[PDB]
């Protein structure tokens, strides 16, 4: 299959991680962002390769010997995400900037964060497309169609589905208007309970993965402002599973049962890119 465009002219390498074996490239085609990621190893096809005669070229020796391996097509998979046409929100996002941590009080959110957010963030159209089945229908793992307490559990774009090691699914709620953790009140408890339980039971049916192998969380300062819950394999150090962003659903539910006004009043901690205008707005508000 052909790319959604014709020809690529690299403009800038937005991000280049040697540790995560990923590259984010901005190119002119019109504007387009192409993400290439080396796929994780599949135990079966590797074990099968080592039992035979592989193509190796020695780098160095010792007991420690290093080689350069050239495996056949099957092992040569690369995850290719194409964003076309890509907006200025996309080009700024993927860029590597130093991060600074900020502690947002209930008043900081009301006065600084919420008005900034309302000034606008991103199009959520792809979310709507999933929810109204205009896209990815074939990939829905489970759906509770209830307009208020309902959701859609779909594997995330970031998971190639070839192995359970990096299992990553999202529960996207059917109800519109819940931007983040900050909009949550006790009226959202039946929705959240539905996600926690029905989302895990769906993973158990589909992937035979017990709930104690799952890390179920929300992100504070999410990438998109339509409530979504992450379901990640525990052995997977999922970028974003870190304490400065992740909030366990079970704990979110429990806090809400304890303190109804919790997420509206309490101070939330998150990181922001040094170049983020919101970071300055909060910094200035705090001094």
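In this text, rigid core is short for the largest set of C-alphas that superpose within 1.5 Å between two forms. Positions refer to the first chain, counted from 1.
Taking the root mean square of CA deviations in 5 other deposited structures of this protein after fitting on the rigid core, 74 to 82 and 154 to 162 differ, and the farther of the two is 74 to 82. Using the rigid core as the fitting frame, the root mean square C-alpha deviation in 5 other deposited structures of this protein is greater for 85 to 93 than for the other of 187 to 195 and 85 to 93. The modelled chain breaks after residue 62 and resumes at residue 63, leaving 1 to 3 residues of the deposited sequence without coordinates. According to the entry, the deposited sequence has 4 to 9 residues without coordinates between residue 29 and residue 30. Between 91 to 99 and 189 to 197, the higher mean Cα B-factor belongs to 91 to 99.
Annotation for 213 to 221 versus 73 to 81: the higher mean temperature factor (C-alpha) is found in 73 to 81. Which of 47, 243, 250, 256 has the largest Cα B-factor in the deposited entry comes down to 47. Residues shown: 18, 278, 274, 268. Highest C-alpha temperature factor in the entry: 18. Per the PDB record, residue ranking by Cα B-factor puts residue 58 in the highest third of the chain.
In the deposited entry, the Cα temperature factor of residue 148 sits in the bottom third of values across the chain's modelled residues. In this PDB entry, the Cα temperature factor of residue 227 sits in the bottom third of its chain's modelled residues, the lowest group.
Among the modelled residues of the chain, residue 203 sits in the lowest third by CA temperature factor in this PDB entry. Annotation for residue 178: CA B-factor lies in the lowest third of the chain's modelled residues.
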